[PDB]
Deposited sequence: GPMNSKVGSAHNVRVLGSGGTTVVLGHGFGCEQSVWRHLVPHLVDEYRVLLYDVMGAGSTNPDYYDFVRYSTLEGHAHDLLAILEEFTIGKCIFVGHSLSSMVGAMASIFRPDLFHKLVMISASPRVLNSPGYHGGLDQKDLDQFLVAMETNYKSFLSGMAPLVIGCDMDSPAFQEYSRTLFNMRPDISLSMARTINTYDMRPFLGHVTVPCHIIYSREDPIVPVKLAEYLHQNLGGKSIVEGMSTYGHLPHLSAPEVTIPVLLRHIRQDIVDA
């Protein structure tokens, strides 16, 4: 039931499983440049976040997935059913914080977290620059609801940092979502706040960021580094855009492989 609802796919073999969680507007196919480098050494688990176009719209509970917790409980259900022991969790954007929260609920299931383009909170706050003002978020959400296809055609190039073979792939999965579900997920990712809980994350975290992410300010990597409760390490990449694992896999995948295989300290 859980494996079908999330298109769970297991590849490779080994005593350690690597779990890959995609971000908004993507599907598990976004990891295609990474999986072949891992299967010979690791078991690799792929899954789709509920609400992706590849998933059944009947399973999208709008109240449950108005919160980050609903996606975290989905991840935990996937790990309990399909893994054993501790896994290496890799998560881009939304799924990086999904995994952060899931590791507080079940630290006994994670060896480490590898975060790509991670942000504990997008909205600006008195002493915190997430990169987005509340009144701008409201305008983006209204614009997304009224002129859906026009909004996505302008946003996704900016998010990839492009426009244009680099963003065609992201466009395919982004428009695969149903507009009402896409709008609900966009609100959840732009309104969660993981700041109060970072100090209770105890598993090692590898913080990977794009040095020119339009959604994620560079200083947030340092913010995460300073406020996570356990050990962490930070590495920046000379990439442009919010999805470096898709637009620039020749630079991003070697970085991911290094932080997956090597442990802090």
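Missing from the model, relative to the deposited sequence, are the stretches 1 to 5, 169 to 170, 273 to 274.
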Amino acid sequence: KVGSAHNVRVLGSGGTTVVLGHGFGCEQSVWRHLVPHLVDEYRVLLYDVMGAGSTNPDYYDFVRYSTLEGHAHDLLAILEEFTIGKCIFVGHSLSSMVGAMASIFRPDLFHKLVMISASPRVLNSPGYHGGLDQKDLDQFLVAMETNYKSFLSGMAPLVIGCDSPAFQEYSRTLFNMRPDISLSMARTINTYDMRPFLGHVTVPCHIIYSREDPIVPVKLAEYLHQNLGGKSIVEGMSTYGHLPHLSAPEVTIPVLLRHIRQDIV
From here on, numbers count along this sequence of modelled residues.
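Comparing 141 to 149 with 108 to 116, the stretch with the higher mean C-alpha B-factor in the PDB entry is 141 to 149. Taking only CA atoms, the mean B-factor in the PDB entry is higher for 128 to 136 than for the other of 72 to 80 and 128 to 136. Set against one another, the Cα B-factors of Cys162, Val90, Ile189, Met97 in the record reach their highest point at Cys162. Of the candidates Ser238, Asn227, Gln28, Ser232, it is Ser238 whose Cα B-factor is highest according to the PDB record. In the deposited entry, the Cα temperature factor of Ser182 sits in the middle third of values across the chain's modelled residues. Annotation for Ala166: C-alpha temperature factor in the highest third relative to the rest of the modelled chain, per the entry. Ranked against the other modelled residues of its chain, the C-alpha B-factor of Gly53 as given in the entry falls in the lowest third. Among the modelled residues of its chain, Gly199 has a C-alpha B-factor that falls in the lowest third according to the deposited record. In the deposited entry, the Cα temperature factor of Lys86 places it in the middle third of its chain's modelled residues.
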